Structures are given as structure tokens and as C-alpha cells.
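Only one chain comes next, encoded as C-alpha cells, the form deposited without the ligand.
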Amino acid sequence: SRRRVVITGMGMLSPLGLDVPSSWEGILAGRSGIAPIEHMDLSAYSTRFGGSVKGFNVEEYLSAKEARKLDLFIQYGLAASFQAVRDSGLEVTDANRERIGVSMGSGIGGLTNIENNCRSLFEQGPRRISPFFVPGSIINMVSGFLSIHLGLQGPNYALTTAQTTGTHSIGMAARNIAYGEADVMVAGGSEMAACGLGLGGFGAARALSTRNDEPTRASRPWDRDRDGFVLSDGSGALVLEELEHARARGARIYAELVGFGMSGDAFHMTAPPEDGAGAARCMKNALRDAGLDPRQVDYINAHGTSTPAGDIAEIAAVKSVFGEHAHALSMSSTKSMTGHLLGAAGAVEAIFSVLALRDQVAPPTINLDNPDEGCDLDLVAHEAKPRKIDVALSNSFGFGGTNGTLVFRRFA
């Protein structure tokens, strides 16, 4: 019968820092991680900025010989996973290695690697494709390489549900533990889609902000002057652990994972419905899963992508789920600062939701100068808001009408 699940370790690469504490410091101070991109020439592109990981040292984690074979999304996912496992204090042994698995996902996976190899194929021939093209690029290899390095023999898989990937990864990893399939899971997501095909492809869809002359102001969730999401890179990983297992080893517990919801919109390949119907269904599933009165919700880490249709759909969904309580909770988009880490968005935002509970503070939505028509909730404009948070909710929505909600609460 269903076991309880707690968070005992967290790990992160973001545009704000090379770990959790440095990233969280940036979040609470309202710092933007968004800047013109330096790693390639974007003069032919309509968007020339994003949230890069700055100064990542893969040789803090891996030998240069191994790193060379791996797409940045795998390097970022391993770095976050390694941080999370170290932060947990868990020791892997013959007695427990079969009970520890990994679910680290990605929206797009090794697009940089696949692009670079496609150039080799077309300009030279197939004889120049890397022998490591497949194991260095495909999405399941974060789970793969983490298991090989740490000796994790538990369930080993990867989700790819576009911008919902990190939330689904964490939710389904909790269900694995809930139902007895594992006692520990490393779960989250990683993304590095900032190559020609990534920026070009989202550019071709006209989905990205084109505010090239003021990149730190581009991501402006619920602001009347928003013009699309900002593309960002990195990873989040959490160690999820059955409660009694955590208790038994004297683990430091950050918070409890009490609720998970999924729903499909069944609306459109890329557009969310204006009324937020799929997002509302998803949050209701998650609150019922957690056995909660909606009035118990103190903080919501919104998806909050800075798209016209996305941002307003979320207001409508929250008002529909929470009624008059929609005016008492705080909702913010940390994407105001980090940008949109795509498959890794739900993973970093799950971590920000747990740290909101530890520190009793709602992160700000920076750049919220002129809230749009109907965006009249407490969106924590400009500045972090100290406040009582017993229950925090993290939402993600993605292409294919895919929706995820995680519910965390303080643990005593």
C-alpha cells in the first residue's frame, strides 16, 4: 500500500549558478541569467540571447576523456545528479543498489551533438560520424551513465514530454517509490537546445522573445509587453526517498512530495486552451492526490513561460481551481530570471518550490512592470516576498497538451 516520499538531496546547473545555493541566491535577489549567447554566431537568427550555464567545469564530475563523448545535456544531467546524490548523504551498497533507480529526462536531448554530426555527414561523409553519436546523444543516457558511475540497479528510464519533462520525471519517480518498485530515485531533467536547430526551430515557430537589445527584460511573465519565451540551458535533480527509509538512516528531509497530477488538454499540438481547462484538471488531480483543501496552497511556481496565450491560461486555471483563495496564495514565475529550461524547467522549479518551503519566501516574477488584462493575482512582482508556506505547487505544461503538477509540503 502507498508509501510516503520525501526529498533528501537536490542538484542543479542553471543560468544563475553551477549549484543549488548559488542559483537560489540569484532567485531571491531577482537576478537575470539571460545574456547574448557567446558559444555560436547568431547574426542570421531573430533571437540572439538565452540562459547559458556560465563557466561549467565538467572535470569537477567526469574525466575529459568521458566528457568528450557526451552531449552537454548529458554532462549537465550527470552534474545535477551527482550534486543531488552527494547532498542526500546516501551510500550505495550491495544491500540497496537494486532499490535505487534514476529517471532523468529531456525534451530534445543531444541536438548540438546531432547537428554537429549531421554537418560531418553532409560536408564529408558517414565515415566522419562519431562512433559515440548514439550513446552520446539519446535522451535515456543520463539515467544510463548515472547508473554506470554510481552502481544504481533499480528502475532506469527517461521521460520526454517536452516542457513538462522535469515535472513528470519527478512525479512518476515518486510513484515508483510510493508503490514499492524502488526506495530511492534520482529524478529530474536536463536540456541544452541552444544550437542552430534549437534557436532556428523555435525561431521558425515565432515562439521566442526577439528582445535582442535588452535580454534581461525579455522574460516578462504576465507583463502586457511579453513576446515569447527565452530559451535556457541546465539541469535539476532530486533524490526522492521512501519516508521510513529516510528516517531509518537519519537523512535530512527538505520536504514531502504529497501530490502528483497529469492531464492532457487534447486541445492543440502547441497552443494551450485560453481557459486553462487542462491545467485546472491537472492541479485538481494533484490536490485530490495530496488529500488537500485547495485553500491549503500558499505558493505556486507557475509554468509562466512569457507567452501571450500560456501566461493568461495559467491565471484562468488558478482562478478556476482556487476561486476566492486565488487572491490569498502567491504565484510566481522564476522563468522571469532563469528563462525556459524546457525539459529541465520542472526539475529546477521543483527545487525552487522546495527551497520556498525551507526558507518561507515566494521568489519574485521580475520584469512584471504592467500586469496584463486579468493578471490581478499576487504574482510577487519585482521582489521576493517572505510569507508562510506550508504547501507549494509547481506547474508545467508542454506541446502535445501535456500537463504536470507537483505538490510539496513542509515535513516535521
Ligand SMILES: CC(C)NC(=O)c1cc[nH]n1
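The first residue of the shown sequence is 1; numbering continues from there.
Separately, the form deposited with the ligand bound exists; it is not shown, and the next lines address it.
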- Note on the structure: Exactly one of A158, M331, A313, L72 comes within 4.5 Å of the ligand in the entry with it bound through a heavy atom, and that residue is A313
- in the entry with it bound, does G398 have a heavy atom within 4.5 Å of the ligand? yes
- Indicate whether the ligand has at least one heavy atom within 4.5 Å of a heavy atom of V184 in the entry with it bound. no
- Message: Contact with the ligand in the entry with it bound for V102, defined as at least one heavy atom pair within 4.5 Å: yes or no?
- Response: no
- Item | is_contact(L240, the ligand) in the entry with it bound, heavy atom dist at most 4.5 Å | no
